[PDB]
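The residues making up each chain are set out below.
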There are 4 protein chains.
Amino acid sequence: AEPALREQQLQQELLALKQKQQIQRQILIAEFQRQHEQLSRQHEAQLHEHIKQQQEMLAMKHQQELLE
Amino acid sequence: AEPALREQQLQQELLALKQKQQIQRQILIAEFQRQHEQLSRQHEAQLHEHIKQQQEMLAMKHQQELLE
Amino acid sequence: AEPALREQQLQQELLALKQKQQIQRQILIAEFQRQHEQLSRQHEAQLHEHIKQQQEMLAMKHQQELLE
Amino acid sequence: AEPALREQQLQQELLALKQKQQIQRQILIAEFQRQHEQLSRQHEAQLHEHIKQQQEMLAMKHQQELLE
């Protein structure tokens, strides 16, 4: 056999290509989910950090007012 | 002034935060678009690469069979 | 001509396919950027909405404490 | 209790918000993974469709050339 073989080799190669690409897409999406959740938590911490300071601010505006 | 100052300092600090985060999102999306477009073209150059060989395959199959 | 014509037709149909696919990716990224910025701002409007209440909370805690 | 209570209510309401947003991020990424895998397969099906036709094209080019 020969052309029948190369005919069989390409078919399999092609079917192996699809399998490979679908996983790389999963990796690309996984890569991004990570970067995305990462920036999402940071943003969040800055916004919370705001809460833990918008606190002391409005706190000292009265927490000592009783002495001012 | 003073408490009114820290009050005004946080308000601006906040609005500055929003402006900042919204651009980091743009950088995150811009980052991914590039990664995404990158794999998309590779995947494609493999599938095309296939074309340029699934070619020489059926090619020498008959084009040579003619001499056989 | 004829087979040579079908050769040329497929080549053109190929280059045309590439162009179409690249824009669909763009429409896909565009679709996502929108959904992403959209949810991003909501999350934010809940975090701020929190600020505008974590405010009144500690407010009437002291703002009227002068009467308590 | 009361102010101490409204303090506890906000701390919980906050922790609850985080948990909610983190899942909406997941629903957002899941929505996109699907749109992405979906368009990735179509793209592919058009590239294969080109294979299963660039076939016949080069087929009849010779497969009948034996009679042309």
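Residues numbered from 1 in each chain as written, not as in the entry; some residues may be left out. Chains lettered and ligands numbered in written order. Heavy atoms only, no water.

Chain A is annotated in the PDB entry as Histone deacetylase 4 from Homo sapiens. The header of this PDB entry states its title as "Structure of a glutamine-rich domain from histone deacetylase 4".

Draft legend 1. Here's a closer look at the interface of chain A and chain B. With 26 residues of chain A at the contact, the number on the chain B side is 26 residues. Buried area between chain A and chain B, both sides added, is near 2,500 Å², and the carbon and sulfur share of it is 68%. The three residues of chain A that bury the most area against chain B are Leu10, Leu28 and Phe32 of chain A, which together make up 21% of that side's buried surface. Here chain A and chain B share 1 salt bridge between them. In this structure, the salt-bridge partner of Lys61 of chain B is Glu7 of chain A, at a minimum N-O distance of 3.4 Å. For the pair chain A and chain B, the interface holds 5 residue pairs in polar contact. Elements with a contribution of two residues or more to the side of chain A that touches chain B: helix 1 (3-51) and helix 2 (54-60) of chain A. Ranked by residues supplied to the side of chain A that touches chain B, first place goes to helix 1 of chain A with 22 residues. Broken down by class, the residue content of the side of chain A that touches chain B amounts to 11 nonpolar, 9 polar and 6 charged. (Contact = heavy atoms within 4.5 Å. Buried area = accessible area lost by both parts, 1.4 Å probe. Salt bridge = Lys/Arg side-chain N within 4 Å of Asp/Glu carboxyl O. Polar contact = N/O pair within 3.5 Å; in protein donor to acceptor, adjacent residues only side chain to side chain. Helix = DSSP H or I, 4+ residues; strand = E, 2+ residues; numbered from the N terminus. Nonpolar A, V, L, I, M, F, W, Y, C, P; charged D, E, K, R; others polar.)

Draft legend 2. Summary view of the packing of helix 1 (residues 3-62) of chain C against helix 1 (residues 3-62) of chain D. At a minimum axis separation of 11 Å, helix 1 of chain C and helix 1 of chain D run at an interaxial angle of 180°. Taken together, helix 1 of chain C and helix 1 of chain D sit at an angle that is classed as roughly antiparallel. For the contact of helix 1 of chain C with helix 1 of chain D, the class distribution of residues is 21 nonpolar, 18 polar and 10 charged. (Axes fitted to C-alpha atoms, helices over the stretch in contact; angles between N-to-C directions. Parallel < 35°, antiparallel > 145°, perpendicular 65-115°, else oblique.)

Draft legend 3. Quick look at the relation of the copies chain D and chain A. Of the transformation superimposing chain D on chain A, the axial component is 0.0 Å and the angular component is 180°, with the fit at an RMSD of 0.2 Å. What we have between these two chains is a two-fold relation. Across chain D, the rotation axis passes nearest the C-alpha of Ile29 of chain D, at a separation of 4.2 Å. (Least-squares fit on C-alpha atoms.)

Draft legend 4. Geometry of the relation of the copies chain A and chain B. Between chain A and chain B, which share one sequence, the superposing operator has a rotation angle of 180° and an axial displacement of 0.1 Å; the RMSD is 0.3 Å. The share of interface residues of chain A whose copies in chain B are also at the interface is 100%, consistent with both copies meeting through the same surface.

Draft legend 5. How the structure looks around the nonpolar core. Grouped together as the largest cluster of nonpolar side chains are 16 residues, with contacts concentrated most on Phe32 of chain A, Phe32 of chain B, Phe32 of chain C together with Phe32 of chain D. Only helix 1 of chain A, helix 1 (3-62) of chain B, helix 1 of chain C together with helix 1 of chain D provide two or more residues apiece to this core. Excluding residues that lie within four positions of it along the chain, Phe32 of chain C makes contacts with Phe32 of chain A, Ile29 of chain B together with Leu28, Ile29 and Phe32 of chain D. (Core = buried A, V, L, I, M, F, W, Y, C linked by side-chain atoms within 4.5 Å. Buried < 20%, exposed > 50% of the residue type's maximum accessible area, 1.4 Å probe, protein only.)

Draft legend 6. Representation of the interface of chain D and chain A within the structure. The interface of chain D with chain A comprises 15 residues on the first partner and 14 residues on the second. In terms of surface lost to chain A, no three residues of chain D exceed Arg25, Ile29 and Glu44 of chain D, which account for 36% of the buried area on that side. Linking chain D with chain A are 4 salt bridges. Among the salt bridges present, the one from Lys18 of chain A reaches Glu44 of chain D, with a minimum N-O distance of 2.7 Å. Our count for the contact surface shared by chain D and chain A stands at 8 residue pairs in polar contact.

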